[PDB]
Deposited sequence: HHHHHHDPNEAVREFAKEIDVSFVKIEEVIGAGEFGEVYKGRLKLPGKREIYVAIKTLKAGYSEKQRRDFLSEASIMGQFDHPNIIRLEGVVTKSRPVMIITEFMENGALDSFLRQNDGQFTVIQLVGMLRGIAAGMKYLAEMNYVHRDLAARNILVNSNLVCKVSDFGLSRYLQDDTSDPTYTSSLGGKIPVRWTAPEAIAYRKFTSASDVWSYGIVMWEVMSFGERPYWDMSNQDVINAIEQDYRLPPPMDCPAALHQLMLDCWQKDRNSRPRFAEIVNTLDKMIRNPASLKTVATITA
């Protein structure tokens, strides 16, 4: 939780209306340091002291994380009004819209690199005993160099069956969600289960339906999705094994067909 003087921040265009409030693209220029682009999150106008505390508690959590695939907190504005959370700027935005706007424009190995980065950030979060519960391509952000970073600090079709049926949220239910993300990425942002209703998805999953390989998806990558979607949460790979499998695919690209 580093305190940033608001005079070091210039707020430019709006780039989103999140749930707590608005997000802006801005510039951060600390004395003696090179200027960087940042995302500035604001709380909706008229926020209560309780909403303020809730907001700054989110910041406190983000500040604990220091990983290349986790959104970096630059600092907070709390001495002046309104409060703000300042994070690193991700030029390409949310991963799902980024893929939908660039359909077919990335190679398989670029896509696997993106998935590897996400798995590495998720490994770090799980190692620190945090369960995301909301892992989806819409909650991953992408910088100018295609590095993907986990953000967003019940979406039924992203959620593990035990998490829906028994509210048991663990890193193993995040792994289920990660398998759905893999499918979104390899499909360039298709909707999981398409137009199936939430209950249709639940019923299908209970009858051992699983999503098919996206077009031109390597068989080995779709198999790793299916491993993530094992009914028994203990049979799923942990994020450490996912990273190692994706590394081995990257290091052995013949594995990709």
Unmodelled intervals of the deposited chain, in order: 1 to 15, 169 to 190, 295 to 301
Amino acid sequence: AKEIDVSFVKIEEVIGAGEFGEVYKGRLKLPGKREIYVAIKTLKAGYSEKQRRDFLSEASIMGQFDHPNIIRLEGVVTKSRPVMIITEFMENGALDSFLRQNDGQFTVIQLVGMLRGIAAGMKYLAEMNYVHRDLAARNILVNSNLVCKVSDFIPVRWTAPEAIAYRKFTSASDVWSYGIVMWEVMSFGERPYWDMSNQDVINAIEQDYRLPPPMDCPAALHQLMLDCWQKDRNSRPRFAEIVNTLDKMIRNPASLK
From here on, numbers count along this sequence of modelled residues.
Other entries omitting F188, at least a third: no
Cross-entry absence of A120, a third or more of other PDB entries: no
32 to 40 versus 45 to 53 - greater average Cα B-factor per the deposited record: 45 to 53
Stretch with the higher entry mean CA B-factor, where the candidates are 192 to 200 and 225 to 233: 192 to 200
Most elevated Cα B-factor in the entry, residues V131, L141, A163, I154: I154
From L211, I205, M62, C217, residue of greatest CA B-factor: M62
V14 CA temperature factor, ranked by third within the chain: highest
Third assignment of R81 from its chain's C-alpha B-factors: middle
Third of the chain's Cα B-factor distribution that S187 belongs to, per the entry: lowest
Record-listed C-alpha B factor of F20: chain third: highest
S173, C-alpha B-factor rank within chain (lowest, middle or highest third): lowest
